[PDB]
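The chain that follows stands alone, in the form solved without S-adenosyl-L-homocysteine, written as structure tokens.
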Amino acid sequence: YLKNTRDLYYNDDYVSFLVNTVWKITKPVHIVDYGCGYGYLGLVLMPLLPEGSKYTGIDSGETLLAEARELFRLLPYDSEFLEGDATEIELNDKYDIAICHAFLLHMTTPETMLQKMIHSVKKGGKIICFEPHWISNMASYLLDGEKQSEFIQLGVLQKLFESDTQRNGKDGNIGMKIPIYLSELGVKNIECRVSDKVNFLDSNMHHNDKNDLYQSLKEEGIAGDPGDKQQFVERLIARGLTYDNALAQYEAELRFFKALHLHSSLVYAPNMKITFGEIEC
């Protein structure tokens, strides 16, 4: 969860740079995390934030909160978790910072949820959103020995993701849209940054770290088995793709699954998008 996921998307020194240099957080702050899951964003920022800071996570997963609480019980950070639907929870407090990680992409109406987070922030406070941008993520793959187009059909994926959003409303590319939504909502000093993280599975590095990276990469689902060909094609067709596009997609995922292994050389840049602004004081 931390030596894996976290380590795959952010360089801790870069996050520290964001906390001390860009955001310049010096005084302890009270932050609220929407859709905190097991407290991932807390395990990332709390260690870097000023001593005396308070972390508050919000989520509906009952068993989820149980793990989060047990996970933070051991840590020296003041943390609390509230059970409830983040889309309707009513907070009685105002926080210095409101954050969320890979949460807005699952909303059918991102703007509304953002409006809510904003309202829980005190004047002069900040809002930080860690959201992905699937399309730029997929385009950020390099596998020595294979042409990217062989195992990644950017065109099909580009149409696919655009379709899904057209339906349910979920946006896997919402990460680059946060700035726009934040603007329409009147947030000030808006700014977006890309996590500088780049994973490098070095075919010439022979150390446990290289092995550990491969393991992390696979536990994330990178280059997974596409499974039954028929089910795959059908499932995709039902999402707005044609039979040819879906087939090309299958063969692509199949190729990646068969091409990536511990001995390979892979360069991957998650391209996570970090957007933030200040609430007009």
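All residue numbers are counted from 1 along the displayed sequence.
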(message) Please compare 1-9 with 271-279 and name the stretch with the higher mean C-alpha B-factor in the deposited structure.
(response) 1-9
(request) Compare the mean C-alpha B-factor of 147-155 with that of 194-202 as given in the PDB entry, and name the stretch with the higher value. (result) 147-155
(request) Identify, among 109, 208, 136, 189, the residue whose C-alpha carries the highest B-factor in the deposited PDB entry. (result) 109
(request) Could you say which of 42, 240, 221, 37 has its CA atom at the highest B factor, as listed in the PDB entry? (result) 240
(request) Would you check the entry's CA temperature factor for residue 175 and let me know if it's in the chain's lowest, middle or highest third? (result) lowest
(request) Quick one: classify residue 253 as lowest, middle or highest third of the chain based on its Cα B-factor. (result) middle
(request) Please place residue 65 in the lowest, middle or highest third of its chain by C-alpha B factor as given in the entry. (result) highest
(request) Please rank the C-alpha B-factors of the chain's modelled residues and tell me whether residue 130 sits in the lowest, middle or highest third. (result) lowest
(message) Quick check on the deposited entry: does the C-alpha B-factor of residue 213 sit in the lowest, middle or highest third of its chain?
(response) lowest
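The form deposited with S-adenosyl-L-homocysteine bound exists for this protein as well; it is not shown, and the discussion that follows is about that form.
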(request) State the residue from 87, 158, 183, 203 whose non-hydrogen atoms include one within 4.5 Å of S-adenosyl-L-homocysteine in the deposited bound form. (result) 87
(message) Only one of 215, 231, 60, 242 gets a heavy atom within 4.5 Å of S-adenosyl-L-homocysteine in the deposited bound form. Which one?
(response) 60
(request) Indicate whether S-adenosyl-L-homocysteine has at least one heavy atom within 4.5 Å of a heavy atom of residue 35 in the deposited bound form. (result) yes
(request) Decide whether residue 40 counts as a contact residue for S-adenosyl-L-homocysteine in the deposited bound form under a heavy atom distance cut-off of 4.5 Å. (result) yes
(message) Please tell me whether any heavy atom belonging to residue 103 falls inside 4.5 Å of a heavy atom of S-adenosyl-L-homocysteine, as the geometry stands in the deposited bound form.
(response) yes
(message) in the deposited bound form, is there a heavy atom of S-adenosyl-L-homocysteine that lies within 4.5 Å of any heavy atom of residue 128, even though the partner is absent here?
(response) no
(request) Tell me the stretch among 242-250, 45-53, 60-68, 220-228 that has any heavy atom within 4.5 angstroms of S-adenosyl-L-homocysteine in the deposited bound form. (result) 60-68
(message) Suppose contact means any heavy atom within 4.5 Å; which members of 214-251 contact S-adenosyl-L-homocysteine in the deposited bound form?
(response) none
